[PDB]
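Structure first, commentary second.
Lettered A, B, C, D, E, F, G, H, I, J, K and L in written order, each chain numbered from 1.
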C-alpha cells in the first residue's frame, strides 16, 4: 500500500508533487509529475 | 569622516563656518540668535560671506548685524553630514 | 479624498487608512496657473523589488526580486508640496517640503534585510505637455540622502560627526606604524548622497477638486551604512495622488 | 560552528532534566 | 509499569578484554589520526 | 595546517570508547564484589 | 557600579555562580519554610498552629511523605531525605559565596571577564552586528568616563566635554 | 647634560628599557579568558618606533596622558607641563575647541626607527597620539600568532591568579579538616543521650 | 548555477529535493524561483 | 630528510632516517662524531638503534 | 573567530566528568545486583 | 600542535601495554 500509494499518488502527481526530472545535460531541472512508462522503456533506468 | 579639517570653524575657534556650523555657533555673536542665525542656517550653500546678503527675506537691520561679525564668518566646503544637522545637531546644554 | 476627510481621527486610527493615498475620480484636465503649486502629494509604494543575481533555469541574469516589507505601514510619503513651474513647452515640478522620505526595510529571499530611504527629496520632475491629462507623464531625478546621519553611532560607538574614530575594544591594534589601517572603512563613516529616478504617470484627473492621481515607478539605491557595504538597487512601484490648486 | 556546541549543551541539559523527572528513583517506604 | 522482566542478564568484561579493547582503541587512534589530521 | 575537527575526532574517538570499556570492566568487578559477600558488597 | 564599569563583573561567571547560590538560597529558605508550614500535622484544636509543638517531642511535626508527594507531582522532583534536604540548604548559599569570592580575587589582578573577543572582532569589522553584549560595553565606557574624575580625585582627571562619550541628545 | 642633542640622547635609550614602559607588558591589563602568551595579544615586538614629542604651534611640549590600568578604553588627551588640557581627540566634533586640527599639534620623534622625522598634518598626529597613551610605541608583528588586538596577562599575573585562588580554596580545607579532627567522635552524628 | 547543492557537500538535501521539496522558509528555492509561502513542507519544516 | 614529529611529521610519515650515504658501512658511534649535532646530522641514531636492536 | 582549543575544553570537560559519574552509578547498581543474588549476579 | 596528540597517543598506548603485562589477571588453576 505504501509502494503503490507512493507510485500512484506522489510520483504520478495525482495527489503529489512528482519527482525531480531533468534534461539530458542537467541544465533545466524541476520537480514535476511523471507519467508511468509501461513498456520496455520502463526498465530503462534513466527513464523517470 | 575620521579626520575632518575645518573642525574649528564649527563651534570652537571663534570664527564660524557659515556652511557647516550649527545654529548654536551664532549664540556667541550678539544680535544674531535667533532670527538672523535662523536665516543663515535654513538657506542653501554660500560661496562666500557676501552671499549672506542675498538671502531672500533679510532686512537692513539683519544685514547690519551680519556686517558686525563678517570678520568672524567664513565659508568652507559644505560637508553634507554637517549641513543636515544645522538647525538641531542633538546638543543641549 | 472627500471620504477620508469625513472621518474622525478615532475612526481611522489602527485601521491602516492613514498609510493610503486618496483615489481620484474622473478623466478631466487641469491647466496650471503661473502661481500653481502641488500641495498634498501622497506617494504610496505598493511593490518592492531589489536587484540581485539569481539562478534561473540555467543562467545568472540580473533580476529585480520581489521583497517583503517588515517595517509595517510607515512607508507612504505624504504632504509633499512645491511649485509647478510652466516652461516654454513643458510643465515641471520642484518639490520643497513635506514628509518626502520614509525609511523602509525589505527582506530578500535568504533572509537578507535591505533597508533603504524611500524618498523624493529634491525632486525636479519634467513633464510632457502643459496640462495635467490622463496620459500625462512626469519624471525626474531626486537626491537620496544617507540612511544614517553623521550623529548615528554604530554598535562600537563610532559615527561620522560624533563617536570614536577607532575600534576602541581592540587597543593593541593601534600599534606599529600601520595602526588600524585594515579597519579604516569601518572606522571612517562617510555620508553619501546618491541619485534616484522616479517616473510618475497621471491617469485620473478631477477638475472640480483640482486633484490628479496616477501611478509611478521609482528606482534608487539602498543603505550603504556610512560607506561600509555596497548598496543595492531598489525598484518600487505604486500609486500617487496630488492636488494642483 | 560554536552554536552547534551551544545547542548541544542546552538540549543535552534538558535531556538530563527529562530523565531526572521521569526516570527518577522512586522514594519507597520499608 | 508491568512486572519485573525475566530476561534481565548481567554483563561481563574481564581484565583481558579490557586490555584488548583499550589496546584496540588506542592503536586505531594512532593509525587513523594522521589521516584525520590530513 | 591540519583540520581542526580532527582534534575532536581523535580525542573523543579515543576517550569515549575507552571510557565505555573502563565502565564495563569496573561494573563487572563490582558485581563480583557484591556477590562475594564480604566488606565490598554493602 | 565601579566594578560593572571597570571590570564587567556581571559578565564574570563566578559572580553568576554567586547569584545562583544566593537566589537559590533564598528560594530554598522560602520553599522549605512554606512546605513545612503547609504539611503540618493536626496536633491541636486551635486554628493557631504555632501552639501545637513541643521542643522536646520526638514525632515529626510535619508530614514528609505528603510533602514529597506534593512536590513530586507539582515539580516532578522532590526531596526524600531530610538530612540531604538540610545539607542542601547549607550547601547552596555557601557555594555561592565561595564561587563569587574566587572571581573577585581575579578582579584584584584585573583578570576580568571583560570581552568576548570574537564578538568584539566581528563588531569591529561589521557595523551592524549588535548584541545585548555590545550594548553593555557602551554603558561601561559611559561609567568609566563620567565617574572617573569624581571617583578618583587624586588622579586629577580633567576630561573636557568634547571627549566624554554621549549618545545623541543625552 | 653632556652635550648631546635630543635625538642623540633618545637614541641612547635601550629598547629593552623602552619595552618595559609600555602598557601591554602590564600584568594588570589582561583578561581571565584571553588565553595564551602576551604575543597573542598585540603581536611579537620588533622595533621601537622612538619617543614622540608633541608640540603645538607656539612650541611648548605636550604629553599624552597615559592610560591607567583600570581603563579598557581611555580618551586621548594632550596636556602641557602644568597638566592643563591643550589638545585632545573629541568624541563630539561640533563645538569642539581643543581638537588637534585647531591647536595645530605636530609630533617629532626621537630615537628608535623614526628618529629624525616630523609629522605636521593632523591625520597622522592623531594616529600617533592614540598610540602614545599606551606608553612607548613599538612596531609589532601581529601575523605570526595571528594576534587579535587585546592585551593578555603576564606569567606574573597568572601565577598570582592561581596561587591566590588556591590559597583561598585551601583555607576552606583547613577549616574542614581541622573541624574534622577536633570533632572526630561525632562525625557519624551525635548521641541522643 | 555555479554553486549547487552538490558542490557544498549537502548529503540529505538532494534526497529532499528528489521527491519534491524545493523551497525553504527563508524564501528561496534551489531552482532560483523566489517563493511567497511554501507552507509546512519546506526544508526547515521537513527537518523539524 | 625530516623524520621526527617535532619537524612536521605524523605517525605514518615519521621515521628514524638511515645513516648518511657518505658514511656508508662505516661504524658511526657517538664518540666518533666530534659533536652530537654532527652525529644527528649524519643519521647516527639509526646505527645506534639498529645495532642494539639486532643484538637484543 | 573563536579559540579552537575551547572545543576540546568544553567537550572533554563535559564528557569525561560525565562519563566518570555514569561509571560510578553503574557500578553501584551492579554491586547491588550482585549482592541481590538472583539472575543478575553470576 | 598535532604532535602533542601524536605523542599522547603513543605514550598512552605504551601505558596500556605496561598495565596489560604487570597488572594482568593472573591465570589460576581451581
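Following the convention adopted for this analysis, contacts are C-beta pairs under 8 Å (C-beta built on N, C-alpha and C of every residue); 3 or more make two chains touch, one makes a residue touch a chain.
A.B. asks: Could you work out how many touching-chain steps separate chain B from chain G at minimum?
C.D. replies: Between chain B and chain G, the shortest chain-hopping route counts 1.
A.B. asks: Using the touch definition from the top, list the chains contacting both chain C and chain D.
C.D. replies: Chains that touch both chain C and chain D, as defined above, are G.
A.B. asks: Highest contact-pair count belongs to which two chains?
C.D. replies: After tallying contacts for each pair, the winner is G-H.
A.B. asks: Averaged over CA atoms, how far is the centre of chain C from the centre of chain E? Could you give it in whole Å?
C.D. replies: 68
A.B. asks: Which whole number of Å gives the spacing of the CA centres of chain G and chain L?
C.D. replies: The computed centroid separation for chain G versus chain L comes out at 47 Å.
A.B. asks: In whole angstrom, how far does the Cα centroid of chain E sit from the Cα centroid of chain L?
C.D. replies: 16
A.B. asks: Send over the residues of chain D in touch with two or more other chains.
C.D. replies: none
A.B. asks: Find every residue in chain G that makes contact with two or more other chains and list them.
C.D. replies: As it turns out, chain G has residues touching two or more other chains at 115, 120-121, 141, 165-166, 168.
A.B. asks: Scan chain J for residues touching two or more other chains and write them down.
C.D. replies: Chain J, residues with two or more chain partners: 10-11.
A.B. asks: Okay, in this complex, where on chain G does chain C touch?
C.D. replies: My answer: residues 115, 120-121, 123-131, 134-135, 137-138, 141, 165-168.
A.B. asks: Considering only the defined contacts, which chain E positions touch chain K in the complex?
C.D. replies: My answer: residues 6, 8-10, 12.
A.B. asks: Spell out the part of chain J that touches chain L in their complex, as residue ranges.
C.D. replies: 5-6, 10-11, 14
A.B. asks: Going by the contact rule at the top, pick out the chain A residues touching chain C in the complex.
C.D. replies: Those residues of chain A that touch chain C are 27-28.
A.B. asks: Could you pull out which chain F residues touch chain E in their complex?
C.D. replies: Residues in contact with chain E: 2-3, 6, 9-10, 13-14, 17-18, 21-22, 24-25, 27-28, 31.
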